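Below is one structure, written out as structure tokens; the observations come after it.
So you know, we letter chains A, B, ... as the sequences are listed, proteins then strands, and number each from 1. These values consider heavy atoms only, across backbone and side chains, with no hydrogens, waters or symmetry-generated copies.
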Amino acid sequence: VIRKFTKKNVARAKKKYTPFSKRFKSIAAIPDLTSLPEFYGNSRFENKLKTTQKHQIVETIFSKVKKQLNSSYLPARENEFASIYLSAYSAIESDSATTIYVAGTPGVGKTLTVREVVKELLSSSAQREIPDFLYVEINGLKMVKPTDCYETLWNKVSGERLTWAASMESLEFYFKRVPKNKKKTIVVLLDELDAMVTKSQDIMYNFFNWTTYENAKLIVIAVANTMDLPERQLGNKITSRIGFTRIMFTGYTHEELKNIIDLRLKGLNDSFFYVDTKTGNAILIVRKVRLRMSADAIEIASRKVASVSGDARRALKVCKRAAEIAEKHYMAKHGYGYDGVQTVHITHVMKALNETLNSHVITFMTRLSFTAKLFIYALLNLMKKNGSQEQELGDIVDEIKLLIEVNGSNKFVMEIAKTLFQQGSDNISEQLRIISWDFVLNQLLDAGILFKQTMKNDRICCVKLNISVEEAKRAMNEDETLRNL
Amino acid sequence: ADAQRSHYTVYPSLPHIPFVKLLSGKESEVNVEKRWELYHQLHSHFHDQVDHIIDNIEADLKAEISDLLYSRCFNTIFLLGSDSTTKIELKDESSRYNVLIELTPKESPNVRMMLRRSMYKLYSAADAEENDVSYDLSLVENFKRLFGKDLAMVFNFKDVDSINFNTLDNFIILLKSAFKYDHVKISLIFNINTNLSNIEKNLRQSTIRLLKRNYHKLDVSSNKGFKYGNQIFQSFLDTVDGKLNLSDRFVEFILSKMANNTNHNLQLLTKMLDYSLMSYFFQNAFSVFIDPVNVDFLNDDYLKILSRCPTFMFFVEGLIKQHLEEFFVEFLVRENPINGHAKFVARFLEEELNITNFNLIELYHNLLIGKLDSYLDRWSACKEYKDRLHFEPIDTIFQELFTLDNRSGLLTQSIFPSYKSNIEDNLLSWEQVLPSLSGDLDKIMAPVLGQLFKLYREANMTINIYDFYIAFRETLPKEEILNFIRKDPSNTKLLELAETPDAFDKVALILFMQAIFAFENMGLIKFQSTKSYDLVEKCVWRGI
Amino acid sequence: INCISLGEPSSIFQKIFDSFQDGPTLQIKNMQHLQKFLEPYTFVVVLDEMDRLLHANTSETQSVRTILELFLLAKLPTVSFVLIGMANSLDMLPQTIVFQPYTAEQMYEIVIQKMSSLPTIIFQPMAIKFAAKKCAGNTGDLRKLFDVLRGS
DNA sequence: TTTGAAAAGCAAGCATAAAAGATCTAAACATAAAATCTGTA
DNA sequence: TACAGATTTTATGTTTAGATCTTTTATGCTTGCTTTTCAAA
Ligand SMILES: Nc1ncnc2c1ncn2[C@@H]1O[C@H](COP(=O)(O)OP(=O)(O)OP(=O)(O)O)[C@@H](O)[C@H]1O
Ligand SMILES: [Mg+2]
């Protein structure tokens, strides 16, 4: 049989097709799923990334500081914690199904608070004030396909591996028809909810409609970017089912960020270390060296980050970058390689904060060649005369030619005109483009300085500035030649 | 409701020939059955020869295509006037596989699809005669390594006038790349329906220089030299020889309608002859008298309607100036040798004078009137044989009772009607359609479509719809309309709407608007807006 | 039959068929097979969330395509078919029943009757009336009232 | 034989239909591995 | 029970038919002005 095409790279999962609704004779024949071995969850890759170390690696004084400020390793989230814990505890205790909506900007401690609520609920269930529950965590951005959530949650409930439609009907039958005394409470965290939004909103409606079912015993904690995500991207059914009591995670104030950073650096700030002067390795309790990071530097970093975002990740990274800058200067001045008072100062914090604020666009255009600068200058002249914000490339060609032939008494132009139009050579004819014309055009397109229209006619194709005009002029005002003309 | 659906199948209930009784219902059923059987024995006798002519022209076209095809470049054959219906069969050359690849403009949206379809067809044919490959021109490269034999590809391009010529051009330069392989022979067949000057101006000059190295024109059609046509006409004449006559107006109508169709004139000729035979065996009660078996039941109605004949009246006027049923039987044994005369003249033109480009239908026309000499004067080779080839058209009494004629306009109403003009004359006149026999309203009030078409015709190219409504409203009697709408007292809402003083302004407006949307559905009017309905413009003018 | 759990809107007839039989299993891909299945015999299907049955990215006509095939078979003689189609108005001939959004007194009656099972009413009555009045008007949702009382 | 006067032609300007195509999607057509259903055995 | 084959399910790739929106260009209405034959004297 001769095949019209071949699919020779098919990788099919071993997932079954029969849903949960057809594996028992009736509703009254379903056994107690709590007393089942595969149901409700009743790591093999960790050995593969281990090797033998044959060098004693030198950890300086700032190494413990930089390891301390990592996001992987709650003074300011106590009302959000109380609200989420009260709602989840009341839904677990009363065998109720509910939705808890949480939204906020990045890094304001939403996932951390939800996980701490879940850990405290598990601690409460361990000592038997609430019935036992299953915890499922589904991130919408960690799914290859959005329907994989259907494959994930059911696999966490029954231990079976099914396809997504069969998993969806299995979850529907489990939430609607299975009695509450026969099942267990399930708390599901939906993280990055905007990634679970499809064109038809099947998954959103299903997940928030299962919470309206009597027998479901399902608690859905939905974590999102904004308050008005259902009112913008979801229908009125899903917006009605999510509810009206929505939990805001506002950005941190500077006191809260300062308290977070001080609670990180609680045991190592204003402390003493044993440091070997020949190598630089530091041991917490040969010179006794006193480590401090100043509270004024942390304070103003907290004030700047809190004014910008309120992001705890940004504040921790600014402090870690300041520690990295101080450690780089320390290892430079002490001659320390890789195998009395050390202070992370305020100037390091201000160097860390300004490094993402300095703009390399003007610095990049300042160090370009003369022909790229001449291109930019001629484009600025065309934008000055005809005022279009989009100039044809042939107009730029004729404006470059005009600027060369008018300032023909300028000494630099007299020295460089043969370079632009003959590459400094006899036996090379007078060219219609300058030397490195498409080179600087593609260079400015690669940098994102310009936008070029997709046309095959080189003259009437238009080119637009992608950056602001005053920084381009500023960069043109630094040069000694283009200032004169 | 199945009328509100797209397609529904119904099975009728059930509790046998379509021929009717003639002679105002006086004809017997045995004459009807005999006329049915005689129509079928002439119809089958004609269409068997038509089938043998169609099989012969297909076989001869296959033979000449094979002869041109088999006698580092393409072998190009331009079939001019080709309708892309030929089956091109290829011989089994030893140690080499010959593959036919056919390409449709629907199958050619771009060059990539052309190559992929061609290479799938090639691989399917090669596997069907003798692991899979990529459907790509590298299969032509490795054809001997994968199949052992070498290759001969014949490309047949169906309907080249409708293809995108840039895509075809790029496919030709793409196929040109297979010339560097030693085991590859490529032939191209272009089915051209217009002429070669249209296709030489759409291809590039390098493509023309590529195709010029080995190319053959072949002008094969139905009008090529009139051979196939004249055979169908001679088959029809041999079917009706000794029984039926062809009128000169019928033959000239055949020539006129066959002049207006060029690509498919043969089956048009068969269609007109078929409908003429159907008309004769449906109309004439004397159709049973074309054979001498059925002359034993001529009744008084037959003798009544054979006495209303111009030829018989001329004959008896000549006899009373000079000086019945047995005498009518006496006019059946005669030969009427005009068909044998026409086939003898055709044979004398064909195999004595070597003249093939003659139209036997127009020759039969000139033989029917008697202007054969003016038709034979054109060749300048029958100057000394014209007297023997000429014979006078004989006049036979009761010829028009056995005659395919065209005097009533039937054959130009069923096969080539003036469709738009028929719609216009039905809409404008309207008393020629509906019978003149709501008893008072039908004699004073026109139908709404016919009444609207008058003001449609007498207005201008752009019509304001409200003034057109007013001009419709002035043509309607309001008192008689209100009297007719009060005729039925069993409808309460009609009576409560009629006594309202603006009832006529409702009634005339809604009849006007249902006629306006009827006109829009027929395509007479259109709207010069999409969001507005305030002005119409008309698209249909009478008489064109 | 809830319609979000359907894969394709054109499969609803099969979902109608599988909801009634045990036996034989025949492929239903149009309403004609459903009509000849229900022809020798009544049957009530309740199509909830039927607004999913409209086809996306399809011209008006083809979008309404399946739904009137759901409805015109409900207007055929000698078939035993009853269709009750519950749909949300905000998201979008048969007989139409409309459910008007609740007012404050209806919400008060619902709240008192619904916690009539409880021994002691923890809410004040004027608080419930204030919550019902604030959750009223156009798009009056009882879920919003329940969320307001739970939040209180 | 004129004669004025209404039908018709030309031009500029602006609102607007319409062509051309960029972008995208549904559906027909096509393949394919795992699960599931028959079907004897 | 039980295994081999047939069919279904789920999943993905290929190609065609068609919808929708955007942009540039043609066209038609409006107003003013000038040419040119036409019914009447
Ligand atoms: N209240 C807090 N106390 C201490 N550390 C915190 C606090 N909030 C946030 N952090 C730190 O910030 C990191 C990021 O927080 P988290 O992952 O909870 O953010 P998020 O609000 O869910 O943001 P995103 O929308 O990007 O997912 C945490 O891993 C932790 O290191
Ligand atoms: Mg998070």
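In this structure, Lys14(A) does not reach the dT36(D) phosphate: none of its side-chain N or O atoms is under 4.0 Å from OP1 or OP2. Distances shown here put every side-chain N or O of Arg12(A) at or beyond 4.0 Å from the OP1 or OP2 atom of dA35(D). For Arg116(B) and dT15(E), the shortest distance from a side-chain N or O to OP1 or OP2 is below 4.0 Å.
Following rounding to the nearest Å, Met168(A) (CE) and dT10(E) (P) show an atom-to-atom distance of 10 Å. With rounding to whole Å, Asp132(B) atom CG is found 11 Å from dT31(D) atom P. Put simply, CG on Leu162(A) is 16 Å from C1' on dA11(E), counting in whole angstrom units. Going from atom CH2 of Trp164(A) over to atom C1' of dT10(E) covers 10 Å, rounded to whole Å. One can place CD of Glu151(A) at 11 Å from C1' of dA11(E), the figure rounded to the nearest angstrom. The separation between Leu535(B) atom CG and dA17(D) atom P is 13 Å, rounded to whole Å. Rounded to an integer number of Å, the gap from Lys15(A) NZ to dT8(E) P is 24 Å. In this structure, CG of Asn9(A) is placed 11 Å from P of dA33(D), rounded to the nearest angstrom.
Within the structure, salt bridge (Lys or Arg N to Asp or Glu O under 4.0 Å) contacts touching residues 148-173 of chain A (residues at least two apart or in different chains) are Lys15(A)-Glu151(A), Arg23(A)-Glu160(A).
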Show each protein N/O and nucleotides 26-30 of chain D N/O combination with a separation under 3.5 Å, one pair to a line.
from: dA26(D); atom 1: OP1; to: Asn57(C); atom 2: ND2; distance (Å): 2.7
from: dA30(D); atom 1: OP1; to: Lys4(A); atom 2: NZ; distance (Å): 2.5

Table of protein N/O atoms under 3.5 Å from nucleotides 28-30 of chain E N/O atoms:
none

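With no hydrogens or angles considered, a side-chain donor-acceptor pair links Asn386(A) and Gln391(A) at under 3.5 Å. Side-chain N/O atoms of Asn191(B) and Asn156(B) include a donor and acceptor closer than 3.5 Å. Side chains of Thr207(B) and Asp169(B): a donor on one and an acceptor on the other come within 3.5 Å. There is a side-chain donor-acceptor pair under 3.5 Å between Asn206(A) and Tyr150(A).
Applying the side-chain contact (heavy atoms from CB on, under 4.5 Å) test to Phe37(C) and every residue at least two apart in sequence or in another chain returns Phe17(C), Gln21(C), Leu34(C). Here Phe165(B) pairs with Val160(B), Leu168(B), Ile199(B), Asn202(B), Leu203(B) under the side-chain contact (heavy atoms from CB on, under 4.5 Å) rule; sequence neighbours left out.
Using a 4.0 Å heavy-atom distance criterion, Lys531(B) is classed as making no nucleic acid contact. Residue contacts shown for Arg161(A) are absent, as no nucleic acid heavy atom lies under 4.0 Å away. At the heavy-atom level, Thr18(A) lies under 4.0 Å from the strands shown only through sugar-phosphate atoms.
Heavy-atom nearest nucleotides on DNA chain D were determined for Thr6(A) and for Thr530(B), and the one closer to the 5' end corresponds to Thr530(B). The residue among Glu107(B) and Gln27(C) whose nearest nucleotide of DNA chain E is located toward the 5' end is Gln27(C).
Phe468(B) has its ring centre less than 6.0 Å from the ring centre of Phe512(B).
Side chain of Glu390(A) to main chain of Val463(A): no donor-acceptor pair is present (N/O by atom type, distance under 3.5 Å, no hydrogens or angles). The backbone N or O of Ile4(C) lies less than 3.5 Å from a partner atom in the side chain of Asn2(C), making a donor-acceptor pair.
The distance from atom CG of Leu6(C) to atom OG of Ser11(C), rounded to the nearest 0.5 Å, is 5.5 Å.
Residues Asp194(A) and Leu229(A) come closest through the heavy atom pair CB-CD1, 3.8 Å.
Side-chain proximity of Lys16(A) to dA11(E), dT36(D), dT14(E): nearest is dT36(D).
Overall bending of the helix from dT1(D)-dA41(E) to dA41(D)-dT1(E), expressed as the angle between end axes built from five pairs apiece, is 80° (10° steps).
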